[PDB]
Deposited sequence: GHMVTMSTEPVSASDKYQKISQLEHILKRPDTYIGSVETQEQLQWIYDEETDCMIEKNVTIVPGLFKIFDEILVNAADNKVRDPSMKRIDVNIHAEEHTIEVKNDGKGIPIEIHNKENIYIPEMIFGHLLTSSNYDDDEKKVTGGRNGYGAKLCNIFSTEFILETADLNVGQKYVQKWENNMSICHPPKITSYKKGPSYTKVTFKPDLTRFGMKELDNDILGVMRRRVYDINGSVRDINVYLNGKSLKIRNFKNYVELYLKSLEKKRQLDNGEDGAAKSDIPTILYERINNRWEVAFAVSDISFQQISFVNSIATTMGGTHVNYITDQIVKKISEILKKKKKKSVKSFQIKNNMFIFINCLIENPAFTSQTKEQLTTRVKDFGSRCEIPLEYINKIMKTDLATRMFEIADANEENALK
């Protein structure tokens, strides 16, 4: 039947039917993932089985909180509470909350608009060059859509009110907001959600997902300047990106060479054991598939090393490198909503990052150089 064969569906129906291009796979995946080990106080690489979409909806909320540091530089604190037994996750940030006002076009409260309707954002005017992670106006709604319960709480000092709004059943139930007088306290936003574990094929939050979620909170402390992050009330202790990269020290002439190149670029280098490795952040987004920023940095290092060597194949140099990058890119573009891979051309970054000769010279003091010299005179022998 022609009418049965050709189907039209709503955008909301499509998201639930086909999560992949919105939040990534809802099937279990075997992955090698970095985990923060509390018994040894360091990052360890572990074979885990996780559902990427579940990890992603958490990440969407985390990155929104980090984005608030950009809009409000006075923001000091992010709290992440994971209540595994209760299947609830809370992310709270201080600094400016959400305006408690009726939108003069949409005729609803702004928090209801931007957490309860697709395609809503403060990031749609690209005349402003912004270094927020937020771009498309989907993130928070995707979390809501994949939650059985989703609660937004915010306090607005301009009106002196607190606003609490609950959605249920994959954003399909939207309860009216509870608005109360709020005097003589700080602004903040708190997002609480209970992921719809049925849609992720799970019955509980297991040790693998909790492990990667917790590490992602370390990432946030590592990548966002001048904030204090707490996990279930406990300080993560690290204060900057250098401290973050140092958590990898045990698993990795200094082992780690770190440099802030400018106010938008920090780079660290270590020698890799097996092959090319990268850990990179764009506006606090974890770019696990790398992209133009990673290639920009590594190409430079490879080119400069190669030139010193010729005075070997490029993949030979590259694959002895473990690179860490924390960068701020203007109005970035990615291959997908998950933002695993940056596609912004270098000329559109809004900044440059030239790696200085002094840094390259320091790399030439590491095992990387020894390994390349071996390849080199073997190539001469033949």
What stretches of this chain's deposited sequence are missing C-alpha coordinates?
1-11, 264-280, 340-344, 416-418
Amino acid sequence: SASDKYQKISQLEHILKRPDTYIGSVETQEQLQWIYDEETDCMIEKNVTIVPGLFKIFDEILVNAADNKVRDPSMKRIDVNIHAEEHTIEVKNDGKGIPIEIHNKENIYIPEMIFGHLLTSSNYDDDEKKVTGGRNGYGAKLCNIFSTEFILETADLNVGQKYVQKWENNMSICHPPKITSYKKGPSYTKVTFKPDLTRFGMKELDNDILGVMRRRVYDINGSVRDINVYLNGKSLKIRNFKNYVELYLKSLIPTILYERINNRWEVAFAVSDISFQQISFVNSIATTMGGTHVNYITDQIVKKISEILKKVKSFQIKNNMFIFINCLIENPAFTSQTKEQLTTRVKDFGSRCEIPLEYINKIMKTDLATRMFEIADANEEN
From here on, numbers count along this sequence of modelled residues.
Tell me which of 302-310 and 157-165 has the higher mean C-alpha B-factor in the deposited entry.
302-310
Per the record, averaged over C-alpha atoms, which has the higher B-factor: 241-249 or 82-90?
82-90
Specify which of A66, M43, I329, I325 carries the largest Cα B factor in the deposited PDB entry.
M43
Among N47, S336, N320, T343, single out the one with the highest C-alpha B factor in the record, please.
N47
If you rank the chain by CA B-factor, which third does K234 end up in: lowest, middle or highest?
middle
Please say which third, lowest, middle or highest, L16 falls into when its CA temperature factor is compared across its chain.
middle
Among all modelled residues of this chain, ranked by Cα B factor, put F276 in the bottom, middle or top third, i.e. lowest, middle or highest.
middle
So, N136's CA B-factor, relative to its chain, sits in which third? The middle
Could you tell me which third, lowest, middle or highest, the C-alpha B-factor of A369 occupies within its chain?
highest
